[PDB]
Amino acid sequence: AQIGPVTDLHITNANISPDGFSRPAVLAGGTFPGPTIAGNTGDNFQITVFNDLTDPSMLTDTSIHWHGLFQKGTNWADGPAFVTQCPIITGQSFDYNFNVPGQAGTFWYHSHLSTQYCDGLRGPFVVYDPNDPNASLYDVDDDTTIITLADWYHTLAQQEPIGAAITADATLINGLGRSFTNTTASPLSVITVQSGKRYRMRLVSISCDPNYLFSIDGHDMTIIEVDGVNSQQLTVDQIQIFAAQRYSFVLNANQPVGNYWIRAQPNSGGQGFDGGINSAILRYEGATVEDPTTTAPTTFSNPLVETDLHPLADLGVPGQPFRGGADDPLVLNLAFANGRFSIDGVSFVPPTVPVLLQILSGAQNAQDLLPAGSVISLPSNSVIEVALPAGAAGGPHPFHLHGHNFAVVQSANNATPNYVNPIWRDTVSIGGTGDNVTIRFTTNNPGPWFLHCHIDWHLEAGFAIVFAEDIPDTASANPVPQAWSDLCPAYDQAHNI
Ligand SMILES: *[C@@H]1O[C@H](CO)[C@@H](O[C@@H]2O[C@H](CO)[C@@H](O)[C@H](O)[C@H]2NC(C)=O)[C@H](O)[C@H]1NC(C)=O
Ligand SMILES: *[C@@H]1O[C@H](CO)[C@@H](O[C@@H]2O[C@H](CO)[C@@H](O)[C@H](O)[C@H]2NC(C)=O)[C@H](O)[C@H]1NC(C)=O
Ligand SMILES: [Cu+2]
Ligand SMILES: [Cu+2]
Ligand SMILES: [Cu+2]
Ligand SMILES: [Cu+2]
Ligand SMILES: [F-]
């Protein structure tokens, strides 16, 4: 069952064995992935998060981010530790009370403390539209049409050894899948469809790191939503989906009654499908209960290319139709060296006082904000452009901006900008060496918004900055509840800070 928009959510430690290997985890709602939190556009979400964590090997503090939700006027509820709050300590709870005006689509929630989400605190978050303009394109859209793609590690996130390469041990599709090494025939997830119906499949990458090449043997996929943004119909037979991205696609159950492989090939870890790794099962009602015997093509006929996507609505692009054609045009120098990432020469290290709290206490320029050099002010009511030239090791890097979606003026692997009708989204691959992925947005949401690589290992190693949007209005725009004010004193007390 879906929970919300008003719900408790307990965060606990437990053992799980999603690929047949048992390890402890950090779980929301007792499961991996966590339960789907859902409501309708404009709803008031009240998610009372109960921190019941006791195992320090995966951190007993926590903080949860509602990825893609703009949090306008509720920056305090956004979740990134030491940006908008101090963590919740064990044995305490915290009510994330916010509204979702003007948004409808497929989102997710995750720990936003250290690399804790990798240890399991990740789940879908769906905001339905009772007047969805795409409603007539499908018949079924419910918890059974959500498809999550996850990387899973046998080594605990905090215990990944300094200076050894981090790769996953299994791909999990809806929480199940098989280990790349010492593979056991553990159970695979089954997605069931009825011959003749049409499904809104909500494809969610809850990855900590790899991108996936996602496909369904014998089927194609009609994209209708990208990171919350309704798109024109785009039919593809493969989707390369980066960490934290989402797509809705229409699946037409128009093949013979049967079993078909669902494929999610990560860019690192196990390659191929031997023993059923990287796989799930699409099963039609009435099919024999047995594995698919289908094969992938050698070459996909219509892979997704980002520049092919366009908004369903007339969203345009703010500013002027050339490079630098914005009120605040930025170009970020994104680098990696010696185990640390940096943005304009500064490696992000979370501050002791959360950025929001520093602003509410009276720090009123970005030069006064800690960490020094990590907080960049943005002016209100302005068109911002942010070029994100690739080249830093560990790519392709999926950059994400909290508090906003953005026009993708320039996409990976294509040097041509689009100032007319590019897709809008909230996480974008910045591509490869010599690319110049560029985003635009307007500043109508006062508060400190994180900008970072959504490969969690890279965020932990410093690949982030904070956009202090409209410092002068942050306080008036974001009144804070007493419970939020209480977080830092309790955290600092428990940690002897
Ligand atoms: C990516 O695009 C940005 C502009 O959006 C380029 O920025 C310019 O960089 C040159 C030096 O490299 C400066 O002289 C200009 O002031 C910058 N802004 C402009 C022209 O608008 C940047 O060079 C591009 N990067 C890559 C690697 O292609
Ligand atoms: C590279 O990106 C550009 C810009 O998004 C794409 O160019 C557009 O192509 C479409 C489809 O032919 C045209 O309708 C638009 O007028 C083009 N816009 C511009 C600004 O050129 C282009 O197709 C992409 N390249 C590939 C190979 O997909
Ligand atoms: Cu996220
Ligand atoms: Cu986010
Ligand atoms: Cu990265
Ligand atoms: Cu974030
Ligand atoms: F977000």
**Prompt:** Quick check: is even one residue across segment 157-171 outside any strand (DSSP E or B) and buried (at least 23 other Cβ atoms within 10 Å of the Cβ)?
**Reply:** yes
Only one of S377, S342 is in a strand (DSSP E or B) and under 22 Å from the mean Cα position of the chain (by Cα), namely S342
*asked:* Could you go through segment 406-413 and let me know if any residue there is surrounded by fewer than 16 Cβ atoms within 10 Å (Cβ to Cβ) and within 16 Å of ligand 2 (Cβ to nearest atom).
replied: yes
If we keep only residues of segment 59-78 that are on the phi < 0 side of the Ramachandran plot and surrounded by fewer than 24 Cβ atoms within 10 Å (Cβ to Cβ), then the residue farthest from ligand 1 (Cβ to nearest atom) is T60
When every residue in segment 453-486 that is among the aliphatic types (A, V, I, L, M) and more than 25 Å from the chain's Cα centre (by Cα) is compared, the one farthest from ligand 1 (Cβ to nearest atom) is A483
With criteria (1) hydroxyl-bearing (S, T, Y); (2) surrounded by 20 or more Cβ atoms within 10 Å (Cβ to Cβ); (3) not in a strand (DSSP E or B), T183 comes up short on (2)
Exercise. Examine segment 291-301 for a residue that is charged (D, E, K, R), under 29 Å from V437 (Cα atoms), touching a strand residue (DSSP E or B) at 6+ places or on another chain (Cβ under 8 Å) and in the same structural domain as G196 (by CATH), and state whether such a residue exists.
Key: no
The correct count of residues that are over 26 Å from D327 (Cβ atoms) and among the polar types (S, T, N, Q) in segment 355-399 is 1
Would you be able to say whether some residue in segment 403-410 is over 22 Å from the mean Cα position of the chain (by Cα), within 15 Å of ligand 1 (Cβ to nearest atom) and either β-branched (V, I, T) or not in a strand (DSSP E or B) (or both)?
-> no
Only one of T12, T48, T54, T7 is outside any strand (DSSP E or B) and either β-branched (V, I, T) or free of Cβ contacts under 8 Å to residues at least 12 places away in the same chain (or both), namely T54
Of the residues in segment 405-416, those that are under 20 Å from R323 (Cβ atoms) and within 16 Å of ligand 3 (Cβ to nearest atom) come to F406
Does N444 qualify as being surrounded by fewer than 16 Cβ atoms within 10 Å (Cβ to Cβ), away from ligand 1 (no atom under 16 Å from the Cβ), among the polar types (S, T, N, Q) and in a loop (DSSP other than H, G, I, E, B)? yes
Here the residues within segment 67-108 that are within 22 Å of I224 (Cβ to Cβ) and within 11 Å of ligand 7 (Cβ to nearest atom) are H67, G68, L69, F70, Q103, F107, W108
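Methodologically, a virtual Cβ is constructed for each residue, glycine included, from the backbone with ideal geometry; neighbour enumeration extends over all protein chains shown. Basis: the model, the stated rules and, where named, an outside source; these are not laboratory values.
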